[PDB]
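Protein chains in written order, with full-length UniProt numbering: chain E, 51 to 99; chain F, 9 to 16, 25 to 59; chain P, 18 to 124, 138 to 303; chain X, 601 to 780; chain C, 197 to 245; chain V, 102 to 146, 165 to 203, 211 to 230, 237 to 502, 507 to 576.
Each residue gets a CB set at the ideal place from its N, CA and C atoms; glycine is no exception.
So the structure is just underneath, and the comments pick up after that.
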RNA sequence: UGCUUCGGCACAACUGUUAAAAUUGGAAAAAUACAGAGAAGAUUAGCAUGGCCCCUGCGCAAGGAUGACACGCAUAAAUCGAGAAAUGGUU
RNA sequence: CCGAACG
RNA sequence: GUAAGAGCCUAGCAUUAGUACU
Ligand SMILES: [Mg+2]
Ligand SMILES: [Mg+2]
Ligand SMILES: [Mg+2]
Ligand SMILES: [Mg+2]
Ligand SMILES: [Mg+2]
Ligand SMILES: [Mg+2]
Ligand SMILES: [Zn+2]
Ligand SMILES: [Zn+2]
């Protein structure tokens, strides 16, 4: 859970940011996945954003 | 699927097509359908 | 149109010649080209220039030069600690930081009661000695030929060696800023009045009390932090005994009133009686 | 990554020519060369810029300065060697071809300052590779047509659908248009 | 005064465009009901190439 | 309600004398006029007629000088101006030379009753009462001992060569430790000095000396009985693998792998490095001697296993395949003909090395588990390894694809695994929980 | 230096991005080793699209493997109600 | 007439 | 066989701000 979590979270957030700068605007679907993932991480500042 | 949207120191790169040219406008004179000349007539 | 500057970083002269170098630098935080200002605070001074954007300055109410807060002149940590406010959320990345900036363009520090903590931990007169030449790096190595003429201080560096590596971004944001770290460890010791090995000594000595403060006035002082067992005046020493009924109440009274509180104006010291 | 363009190369062929000229005079001045050898070598430098510099590779319009200096050389050499004077080095009448290259340089100073300021700006500001508009050139003509064509069909699709119809069958309509 | 020989001093930075101005109420007339008929006369068969 | 941000900025217009005059009445003199029109600021910090006249005198005197129109002028001085505390700085520069040259201990806590036995014998002298159990090795069945005393997880333990009566392990607590197996099961004495956790263990031939590499970049060789440090070699490189040559002649020399990809063959006799092998490309993980100290094959983070000769600074042979994986642990098979390489892909590959003929024996490969030191059975029927979940795996020799024995040993990573050379079915397991178990 | 009632006046007025440095940090490259190329069978020309990807270029050209990337691998549950039956409580 | 880059 | 990139070690561009005690 510690600092191995945090870097898996860095990896999956960079994955999400990459996907979102690519595909985010032109085809929906993606922000729901990104936001539900950030909700799974119980990060609600991030998911609200 | 989605076009690029085109929203808008300054860069000092000067294009060749952006050098001064046609630096004054032609206006319509008396005889080329100027606006004050055309109120005068019944079109 | 005018720098946002610590009024220490303008020196004693009511008149300032300052050089205005528009697009003269990159903000040391937002990495942005901005208008730099350069000037000599006074005759013993060097030429200081602004270090950050004007916006990045007035965000955290810090000087454009010293990056210290504008109201109290203490690093952004010490003020954020006394402000009790959250860690900086602002993005460290510059893509992030510029995105935050271009957002805030298109659409909390002025309304606080003066914090006694910051006021207690600040300099009375201005640190003009911060506006002065660096130390002659050729005088250090013993190889300075410029003699007394050197515009650089002919002294050696007398500095903490963990210090002298300070980071702009960290002094602006508030993360591992060794100077404010030193300062908070200072206040940690001064907030550390030794509660002695004797657990049962339930009395606090109140010394340096000027005579116009009466025993019921110091009672009005100390009643808040716990029950008083007995308060005892002696103006000969200008001092007082105060015993409580519970140790933790005298601990409260030491901890809150150890950093030299002033009862009705008198600069008074506390000790474990 | 080390392929330089016509601005760099025109600048350095022009600097090679000024080196040649300056060096001709420095040879005269060190004493290694006569005044007659200096004059003949300067007129040689100015008549042989297509042989001595390679500057026409980076601005091929300066073939007309080279043709003009060749015509000037034919005329001057003909009128020079009339009589016993004959057929070799020794003619140093260099002001005609010198002024040909001075006209070249006056007219190309603004072009080259532009080009070199652009090179310096890309070096110091970086390439502005960001949302500046690409022309529709002959190689993009057919692909841009289809861009525009599909965008037009997409316009129409979104306007043709009734109010509560899932607006995502447009991709299959675009596939039907490809098929048709 | 700036040196006339001073080349361009700062490199240009790339950011994604911000959110924009805030949204505006969509002041529409009542939804007009899609029949199931007009749901079927906009069923687009899949394209078999 | 204010104009600027920190005050009010207002345009002004004066005549230029006034800015400068006031700026220099204060600037130079210290005290000047307030620009607000309110008083003055701060605290304060010609020519004549006889002197004027005397200068006129010297002028007319230089005029009275005789001029000789015949004489040229010469230049006499001709460039006189051109040809032209210290104590604190002396002390500071002394401190600079000091911090410059300075820019350019370990002890023992004995834990037995008495360090020697009844016959003047040191406790490391092998007891006679123990003999070899069975010519065949057997699989572990139950718990026997649990060697605890490690404040954090250990790196690995090793059985004392020949007799296997005691074992020495290095820990992430910073210490090397020695524990008895056959009698008391006690920690005999602690030996510390590593500035952080120690990295591995490799004992001397007869058990008198002991070399320990540390995460402090120091390789310290100390005693077994007396517990004194013999020497400590460091160069500023992080060490991973220690081994002295298995020959009894050159046991004074050891091996040292460092994440600088170099293998320093080190003199414990002289103290300075005897040989330097720099033919590796990535971090130095594992090294094992083969052919009776003749050949040493080294494991690298560039995924290559490189066999070399002792004394040959040119690598003998390199083996690095697209399916090769990180090699943290090498194990020397009893026959001296095989090596067990631990592959980061959760496998133990068996490589053949017989008389310089090294090949992949990709048929005899063990897999199924998840830097575990591989342990070899004394007769060669068993292979043991650590795994992710605290599990010790035992594979049969004829069937490395038939998982023989699964042992739930520890709660966390179990890296150290060693078959007792004197016992038949007692094993040693050591994990990253500070727990070590004995199997029987 | 003029002018001088020889007392003195007049004139002239604030350089320095202050370093011969000190740190200080970030960088492309090199080797190594990794591994090493669009489309649908193979082999292959490309021109695009999108952008916090750039490089070469004077570039509103052209090129960089169609410059790269992306490009979906949809373990994108795109998911659920209808009814009979039958069984469970209560009378 | 007349030569360079790129693909 | 392209030639792309990830990284490792070692790897010379920009900066002038900041150093306290009742
Ligand atoms: Mg294309
Ligand atoms: Mg292209
Ligand atoms: Mg091709
Ligand atoms: Mg492309
Ligand atoms: Mg093409
Ligand atoms: Mg091509
Ligand atoms: Zn300031
Ligand atoms: Zn000096």
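To which residues does DSSP link residue 38/P through a beta bridge?
According to DSSP, residue 38/P bridges with 53/P.
List, in order along the chain, the chain C residues whose C-beta lies closer than 7 Å to that of residue 754/X?
Near residue 754/X there are no residues of chain C at all, since even the closest Cβ is about 14 Å away, more than 7 Å.
Restricting to runs no shorter than 3 residues, where is the beta strand (DSSP E) found entirely within the UniProt repeat "WD" (279–313) of chain V?
Whole beta strand (DSSP E) segments, 3+ residues: 286–291, 298–303 and 307–312.
Does the Cβ-Cβ distance between residue 564/V and residue 292/V come in under 9 Å?
The answer is no: Cβ separation not under 9 Å.
Pull the bridge partners of residue 355/V from the DSSP assignment, please.
In DSSP, residue 355/V forms a bridge with 341/V.
To the nearest angstrom, how far is it from the Cα of residue 766/X to the Cα of residue 234/C?
So the two alpha carbons sit approximately 12 Å from each other.
Can you tell me which of the three DSSP states residue 177/P falls into?
Three-state DSSP puts residue 177/P in a helix.
Looking only at its chain, what residues have a beta carbon closer than 7 Å to the beta carbon of residue 273/V, apart from the 5 residues adjacent to it on each side?
Once the five neighbours on either side are set aside, the close Cβ partners of residue 273/V are 561 and 576.
Can you name the residues of chain P whose CB is closer than 8 Å to the CB of residue 205/C?
Under the 8 Å cutoff, chain P gives 40 and 50.
Say yes only if the C-beta of residue 176/P is nearer than 8 Å to one or more non-hydrogen atoms of ligand 8, and no if none qualify.
Yes.
In angstroms with no decimal places, state the Cα-to-Cα distance between residue 250/V and residue 466/V.
Answer to the nearest angstrom: the Cα atoms are 36 Å apart.
Express the C-alpha separation of residue 36/F and residue 49/F in angstroms, rounding to a whole number.
Spanning the two alpha carbons is a distance of roughly 28 Å.
Mind checking whether residue 225/P and residue 281/P have CB atoms under 9 Å apart?
For residue 225/P and residue 281/P, yes; Cβs fall inside 9 Å.
At a cut of 8 Å, does the stretch 516–526 of chain V reach the stretch 540–560 of chain V through at least three beta carbon pairs?
Output reads yes: the stretch 540–560 of chain V touches the stretch 516–526 of chain V.
With residue 486/V and residue 469/V assumed to form a contact (beta carbons below 8 Å), what rounded beta-carbon distance in angstroms separates them?
4 Å between Cβ atoms; contact.
Here's the rule: buried if 16 or more other CB atoms are within 10 angstroms of the residue's CB, otherwise exposed. What is residue 275/V?
Per the 10 Å Cβ criterion, exposed.
When you compare the stretch 19–26 of chain P with the stretch 78–86 of chain P, are there three or more beta-carbon pairs, one atom per stretch, that lie closer than 8 Å?
Output reads yes: the stretch 78–86 of chain P touches the stretch 19–26 of chain P.
Indicate whether residue 133/V and residue 32/P have their beta-carbon atoms separated by less than 9 Å.
Yes, the Cβ-Cβ distance between residue 133/V and residue 32/P is below 9 Å.
Taking only the alpha-carbon atoms, compute the straight-line gap between residue 37/P and residue 52/P and give it to the nearest angstrom.
About 7 Å.
In the DSSP assignment, the alpha helix (DSSP H) including residue 66/E goes from what residue to what residue?
55–73 is the extent of the alpha helix (DSSP H) around residue 66/E.
Should residue 215/C be flagged as near chain P, meaning a C-beta pair shorter than 9 Å?
With 9 Å as the cut-off, residue 215/C counts as an interface residue toward chain P.
With distances taken from CA atoms, which of 184/P, 106/P, 91/P and 222/P is nearest residue 153/P?
Nearest option by C-alpha distance: 91/P.
I'd like to confirm the pairing. Which residues does DSSP put opposite residue 254/V in its beta bridges?
In the DSSP output, where bridge partners are listed per residue, residue 254/V has 248/V.
So does the stretch 658–669 of chain X actually touch the stretch 684–695 of chain X, counting three or more Cβ pairs closer than 8 Å?
Contact fails: fewer than three Cβ-Cβ distances are below 8 Å.
List the residues of chain P whose Cβ lies closer than 7 Å to the Cβ of residue 212/C, in chain order.
Result: 116.
Compute the minimum distance between the beta carbon of residue 739/X and the heavy atoms of ligand 5, and state whether it is under 8 Å.
For ligand 5, at least one heavy atom lies less than 8 Å from the Cβ of residue 739/X.
Going by DSSP in three states, residue 255/P sits in which element: helix, strand or coil?
It is coil, neither helix nor strand.
From what residue to what residue does the alpha helix (DSSP H) around residue 615/X run?
Unbroken alpha helix (DSSP H) run through residue 615/X: 606–630.
On the DSSP bridge assignment, give the partners of residue 238/C in chain order.
Paired residues: none, contrary to the question.
Which ranges does the alpha helix (DSSP H) cover as unbroken runs of at least 4 residues, wholly within the stretch 171–230 of chain P, from first to last along the chain?
If we require 4 residues or more, the alpha helix (DSSP H) runs fully inside the stretch 171–230 of chain P come out as 198–203 and 208–220.
Under a Cβ-count criterion, where at least 16 other Cβ atoms within 10 Å of its own Cβ denotes burial, should residue 212/C be classed as buried or exposed?
Counting Cβ neighbours within 10 Å, residue 212/C comes out exposed, since fewer than 16 surround it.
Mapping the DSSP letters down to three states, classify residue 126/V as helix, strand or coil.
It is helical.
Where do the N-terminal and C-terminal ends of the alpha helix (DSSP H) with residue 118/P fall, by residue?
Start and end: 111–123.
Tell whether a beta-carbon distance below 9 Å holds between residue 478/V and residue 494/V.
Against a cut-off of 9 Å, the Cβ pair of residue 494/V and residue 478/V comes out as no contact.
Under 8 Å: do the stretch 602–613 of chain X and the stretch 645–659 of chain X share three or more Cβ pairs, one atom per stretch?
Judged by Cβ distances under 8 Å, the stretch 602–613 of chain X makes contact with the stretch 645–659 of chain X, as three or more pairs qualify.
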